[PDB]
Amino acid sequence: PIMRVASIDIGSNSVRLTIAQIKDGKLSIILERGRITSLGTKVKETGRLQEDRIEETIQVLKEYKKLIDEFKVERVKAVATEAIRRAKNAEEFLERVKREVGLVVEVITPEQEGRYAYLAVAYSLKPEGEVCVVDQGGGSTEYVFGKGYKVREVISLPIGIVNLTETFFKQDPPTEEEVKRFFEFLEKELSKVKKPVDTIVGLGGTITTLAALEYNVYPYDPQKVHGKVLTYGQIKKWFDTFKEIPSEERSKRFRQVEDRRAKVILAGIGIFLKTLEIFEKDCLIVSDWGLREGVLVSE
């Protein structure tokens, strides 16, 4: 009676696989693989998908389906960033994947991904009352409102940690004024999503890094993190810490901080901070499950 499923997310830089199955009522992850192909390389400036990248990605996709079929998972979905939509060869690519790897890839919007992530949260955390999943990412953050497995509304804010960090922070670490204009802005933009909620669930690399931080979880374990709480205080404690030091010292002194995140992580912490303010809340619940797991959730 056991049914196994798998999901494959083709990101702008990574490709991920996740096969799982359902006993009676429980769903569990049996494997998680991921490889960097950087399929998104120079897409914006060239309006093209580099052939070698496409080549590298396709090989991995096959490498992946080898496992899918292996576990004979009778249900497989594959999605891709819409970022690749700016490439003329985007459809051509999608085509090749179809016959060369025998795989149907659905490009999805930043809102759709929000919807998927939200679903992963409804199953892994079973939130109560009105819930708002806040998925802060590198390109942008999505606020997803709903009840149970029902999605009310999804709003996607252009507030990408990278550009947001390039704009307001001109020094590493930044100056007090900079941090101030940063929050004025955050305020303006965030007041737009303000809605009455009961439980705010936190998502993304920044906030799970923050949990590991707060709970002294070094070798990353997604059980000592998932479902953990993060009061406004614990969060403000760490914003304060980092703000006082340059991206590098954060990387050096704190093992859970990925060099790639080390810098931008300030603004990321900021968003979560100001959000609790606007939504007037003392804390939020952190989730290790997101898009990749949310896709599987759908059945």
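One-based numbering along the sequence shown.
K.L.:
Mean CA temperature factor from the deposited coordinates, higher in 202-210 or in 151-159?
P.N.:
On average, C-alpha B-factors are higher across 151-159.
K.L.:
Out of 95-103 and 130-138, which stretch has the higher average CA B-factor listed in the record?
P.N.:
Going by the record's values, the stretch with the higher mean is 95-103.
K.L.:
Can you tell me which of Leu230, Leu266, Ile29, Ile36 has the maximum CA B-factor listed in the PDB entry?
P.N.:
Largest recorded C-alpha B-factor: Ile29.
K.L.:
Per the PDB entry, which option out of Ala87, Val121, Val144, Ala78 has the greatest Cα B factor?
P.N.:
Across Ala87, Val121, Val144, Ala78, the entry lists the biggest C-alpha B-factor for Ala87.
K.L.:
What third of the chain, by the recorded C-alpha B-factor, contains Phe272?
P.N.:
Lowest third - that is where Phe272 ends up once the chain's C-alpha B-factors are sorted.
K.L.:
Comparing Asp259 with the other modelled residues of its chain, is its CA B-factor in the lowest, middle or highest third?
P.N.:
Bottom third by C-alpha B-factor.
K.L.:
Going by what the PDB entry lists, where does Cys283 fall on CA B-factor within its chain: lowest, middle or highest third?
P.N.:
Within its chain, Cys283 is a middle-third residue by C-alpha B-factor, going by the deposited values.
K.L.:
Would the CA B-factor of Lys188 place it in the lowest, middle or highest third of its chain?
P.N.:
Highest third - that is where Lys188 ends up once the chain's C-alpha B-factors are sorted.
K.L.:
Classify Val73 as lowest, middle or highest third according to the C-alpha B-factor given in the PDB entry, relative to its own chain.
P.N.:
Highest third - that is where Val73 ends up once the chain's C-alpha B-factors are sorted.
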